[PDB]
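These notes concern the structure reproduced below.
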2 protein chains.
Amino acid sequence: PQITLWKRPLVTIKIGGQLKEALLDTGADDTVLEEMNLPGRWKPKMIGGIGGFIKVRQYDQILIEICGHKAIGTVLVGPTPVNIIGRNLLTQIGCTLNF
Amino acid sequence: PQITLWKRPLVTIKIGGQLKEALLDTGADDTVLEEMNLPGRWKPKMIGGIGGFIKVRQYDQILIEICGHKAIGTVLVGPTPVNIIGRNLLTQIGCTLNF
């Protein structure tokens, strides 16, 4: 799919049996999702953005279907107001920027 | 140019006669640059991201050369640790996401 940018690049994702909307974000090193329950063992971690760092939980090898393309990777969970699909997963679905 | 995402999508921009590096960011509604001097008249504004909002100065119709492609649009200036090229300018250079 070719996605233009006049609107926020929001896509449908499926994780843990749940359906959600997430932002395909070229400016995020990592993938960070709003609060939700995931497969158990996690490591503490912090992430920075504009205006301040937040604490998040890091889960490894998590399956995530992004607009129909499966990918497994590290997923962080914490107090972000929007679901963010970062480069770690964008590279897995073969996503690129073009102009 | 086709840009993959294994590394941060940083490009060379030219603004106000200055050369800088900026992040092509699909997750930013606006374009926000680190502190710098611009063409005079500006309006106050705030932007939110992960962990907290910051105050910025909004400048209108600012010329900006992004990796060789000129674009004129609104550019914000404030305390961001990285130069961010948002969707308002990404649409002007015909930038799209593809997978």
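As a convention, Cβ positions derive from the backbone with ideal geometry for all residues, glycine included, and neighbour counts pool all protein chains shown. The numbers here are math on the coordinates, done by the rules we state, and not lab data.
Before moving on, here are some points about what is shown:
- Candidate set from region B:44-99 (those that are more than 13 Å from A:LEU5 (Cβ to Cβ), within 12 Å of another protein chain (Cβ to nearest Cβ) and polar (S, T, N, Q)); member that is surrounded by the most Cβ atoms within 10 Å (Cβ to Cβ): B:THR80
- Any hit, region B:26-43, residues being among the acidic types (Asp, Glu), in contact with a helix residue (DSSP H, G or I) (Cβ under 7 Å, 6 or more places away or on another chain) and surrounded by fewer than 17 Cβ atoms within 10 Å (Cβ to Cβ): yes
- Residue match in region B:41-56 (condition: under 13 Å from the mean Cα position of the chain (by Cα) and farther than 22 Å from A:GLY48 by Cα): no
- Whichever residue in region A:6-20 is within 12 Å of A:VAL82 (Cβ to Cβ) and among the basic types (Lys, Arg) and, among such residues, is farthest from the chain's Cα centre (by Cα): A:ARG8
- Close pairs from region A:1-13: first farther than 14 Å from B:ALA28 by Cα, partner basic (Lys, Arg) and surrounded by 12 or more Cβ atoms within 10 Å (Cβ to Cβ), Cβ under 7 Å, at least 6 apart: A:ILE13/A:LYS20
- Residue match in region B:6-14 (condition: out of contact with any strand residue (DSSP E or B) (no Cβ under 7 Å at 6 or more places or on another chain), hydrophobic (A, V, I, L, M, F, W, C) and within 9 Å of chain A (Cβ to nearest Cβ)): yes
- Residue within region B:52-62 that is touching a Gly at 6+ places or on another chain (Cβ under 7 Å), within 27 Å of A:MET46 (Cβ to Cβ) and among the β-branched types (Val, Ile, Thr) present: yes
- Selected residue (only one of A:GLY40, A:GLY86, A:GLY17, A:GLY68 is within 19 Å of B:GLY27 (Cβ to Cβ) and not aliphatic (A, V, I, L, M)): A:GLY86
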